[PDB]
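**Q** Every position in the sequence shown, counted from 1, becomes a number in the authors' numbering once 23 is added.
All C-beta atoms in this analysis are idealised placements derived from N, C-alpha and C, irrespective of residue type, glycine included.
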Amino acid sequence: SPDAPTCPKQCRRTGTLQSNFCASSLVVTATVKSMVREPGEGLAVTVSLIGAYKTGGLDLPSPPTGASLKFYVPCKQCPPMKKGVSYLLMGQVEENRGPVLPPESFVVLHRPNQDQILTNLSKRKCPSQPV
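This is the structure we're talking about:
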């Protein structure tokens with residue numbers, strides 16, 4: 024979504040896990056291999072795809088998860104992450120640049136409970152059905 028403005032001072036997260044999973048156009052789990060500086064207040068995180076749940080913009084290869092990516096973070100301040108640790112990345116995709124991880128991304132360390140939840144969230148439809 025190439026409608027992420029200048030990096031705000033906000034360095035915090037909001038909403039529920041379900042809320043944010045259904046908001047995010049990209050939902051995956053990975054371990055940070057490396058971190059490299061990027062344009063503006065940005066930072067890239069190099070990862071090796073530990074799991075995937077929603078990838079509605081990546082033409083992932085024939086074999087699933089077990090490939091490398093660079094998540095573009097336009098804010099080095101937050102959401103908090105670390106080199107050499109495992110995380111849950113809920114962000115968006117750019118069908119031009121690969122995965123993007125804007126400041127409205129839900130990032131927390133990878134847990135088995137969370138994994139089993141997001142897997143069930145991809146199986147079930149997002150519970151938000153209006154008229």
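1. In the DSSP assignment, what are the bridge partners of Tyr-76?
2. Relative to the C-alpha of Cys-34, which candidate in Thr-52, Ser-48, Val-96 has its C-alpha closest?
3. Among the residues of its own chain, which have a CB less than 6 angstroms from the CB of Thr-69, if the five just before and after it don't count?
4. Quick check on the DSSP output: the alpha helix (DSSP H) that includes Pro-86 runs from which residue to which?
5. Please classify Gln-115 as buried or exposed, where buried requires at least 16 neighbouring CB atoms within 10 angstroms.
**A** By the coordinates alone:
1. Mapped onto the sequence shown, residue 76 falls at position 53. In the DSSP output, where bridge partners are listed per residue, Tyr-76 has none listed.
2. Position 11 of the sequence shown, counting from 1, holds the residue named residue 34. Comparing Cα positions, the closest option is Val-96.
3. As a first step, residue 69 must be located in the sequence shown, where it is residue number 46. Here the set comprises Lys-56, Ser-57, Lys-93.
4. Taking the sequence shown and counting its residues from 1, the one referred to as residue 86 is at position 63. Neither: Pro-86 is in no alpha helix (DSSP H) and is coded neither H nor E.
5. Position 92 of the sequence shown, counting from 1, holds the residue named residue 115. Under this definition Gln-115 is a buried residue.
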